[PDB]
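In what follows, a single structure is set out as structure tokens and then discussed.
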Amino acid sequence: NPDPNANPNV
Amino acid sequence: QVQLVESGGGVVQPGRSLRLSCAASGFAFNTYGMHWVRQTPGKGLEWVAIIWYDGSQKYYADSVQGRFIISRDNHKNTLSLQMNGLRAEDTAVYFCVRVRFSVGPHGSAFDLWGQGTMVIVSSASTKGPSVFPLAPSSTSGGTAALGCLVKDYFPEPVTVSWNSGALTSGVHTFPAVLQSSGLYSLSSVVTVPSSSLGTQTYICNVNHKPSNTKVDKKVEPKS
Amino acid sequence: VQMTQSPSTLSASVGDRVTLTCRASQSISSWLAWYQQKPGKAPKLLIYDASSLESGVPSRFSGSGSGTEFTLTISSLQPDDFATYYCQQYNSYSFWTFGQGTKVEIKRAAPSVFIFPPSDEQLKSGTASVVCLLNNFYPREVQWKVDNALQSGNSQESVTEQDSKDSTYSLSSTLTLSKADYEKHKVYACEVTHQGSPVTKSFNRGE
């Protein structure tokens, strides 16, 4: 399970 | 220009379901990661859920984990939030939020907010307010304080005036609070000179249009 | 992460330099955001990355800090700056958490505290609501003590908003108890601590 705060954009 | 508009809010029975919508415009919806952030004046803001731009990764807060289902429609540029098993604490102003366009491995702040949609989780039906007096008894600060206690009414809103609209200076109609009973309550206090307690009559006027009830209450000091 | 903002509410004037301190329980590096929210309006982002200004924000807003301590600075306050400011963390697996917020209000006047015993009409209804009124005066969060015993959960607090009519504001804390649980106690008190300075308006049941 990676970081949920990772870049959520394209 | 860029904007977000929410819809679908309202009063919902506890344990039932209610789906909120968010209309996007101006910006490329499919290229942004979205959020749901609610807010109650008693506890501040609270993050609810996030959905990835492609809808791959979805996360929820512990208080809403397993009961809320976040989803998006890149075709119609709409962000939706399915709320199930709604408890009374879910009562908050829900905002759909857009993250700031960041380049890198990490996300960014919240650069876009909608006007907000209000959801009220309560089993209460329409009920007229019970107005109780807050009698003055000399008192401090150079003047005296008196008011009315609008308690146990549902739903919002109620309009409060004093002396049929004549008394407006010093009138502080507090915002309503949703009690644990599921009903609303507020206090409207006015600071008046201590001399005019026995001379001037003080009558508050509470009108509850949803219940079609208009309660007036003459507050007088207690001996 | 738990974001704590101190003070809860702060009084200021036009042209003053305002420094709002934000503290994180853990370390969030420089992944902190500042917001401004007018009453009834959507939050408006001011500073991201704890030191980077957002497009459209005037230069008077400046931000600094890293790790656990952060500060939002306004060089010169403006009439359209009186609002509530929030700081939020978005670092690492710690998802997204806001503080309680700091409300910046305009000064002024006489700070007074009132307490209202439950009305006789309400006692017939089986409910007993003790209302504590704060006028032109703010706490650092108002406590309730019944027979010299701190209360919790049964109190509910609300605050008005200043307007063009006057800079007067008010805060009301209401202690809701049943009639059965109200005849069992005599001394009802309301203590509000402001500075170094708690005022404790009380009353004995009946008279």
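A few notes on this one:
- Taking B:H35, B:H75 and counting other C-beta atoms within 10 Å, the order from fewest to most: B:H75, B:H35
- Computed on chain C, the Cα convex hull volume stands at 159 Å³ per residue.
- Filter on C:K103/C:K145; B:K76/C:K44; B:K214/C:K107 - keep pairs with C-alpha separation over 31 Å: B:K214/C:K107
- Here, the range C:1-86 has an Rg and a Dmax of 12.4, 35 Å when only alpha carbons are counted.
- Compared with the rule-of-thumb size 2.2 N^0.38 Å for a compact globular protein, chain B has a Cα radius of gyration ratio of 1.32.
- Per residue, the Cα convex hull of the range B:48-90 amounts to 67 Å³.
- Along its three principal directions, the equivalent ellipsoid of the range C:126-207 from the Cα gyration tensor extends over semi-axes of 25, 15, 11 Å, largest first.
- C-alpha center-to-center spacing [the range C:5-51, the range B:137-216] in angstrom: 34 Å
- Taken over the alpha carbons of the protein assembly as shown as equal point scatterers, the Debye sum produces base-10 log I(q)/I(0) values at 0.11, 0.13 Å⁻¹ of -0.94, -1.22.
- Surrounding net charge for C:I106, when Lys and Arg each add one and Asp and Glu each subtract one, Cβ distance under 14 Å: -2
- Cα-Cα separations in the range B:1-101 greater than 18 Å, expressed as whole percent: 43 percent
- Using Cβ point charges alone (K and R +1, D and E -1), the dipole size of the range B:3-70 about the Cα centre works out to roughly 220 debye.
- Along each principal axis, taking the top coordinate minus the bottom one, the Cα set of the range B:130-219 gives 38, 25, 18 Å in descending order.
All of the numbers you see were taken from the coordinates with simple rules; none came from a lab. When we count neighbours, we look across all protein chains shown, and the Cβ atoms used for this are built from the backbone with ideal geometry, even at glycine.
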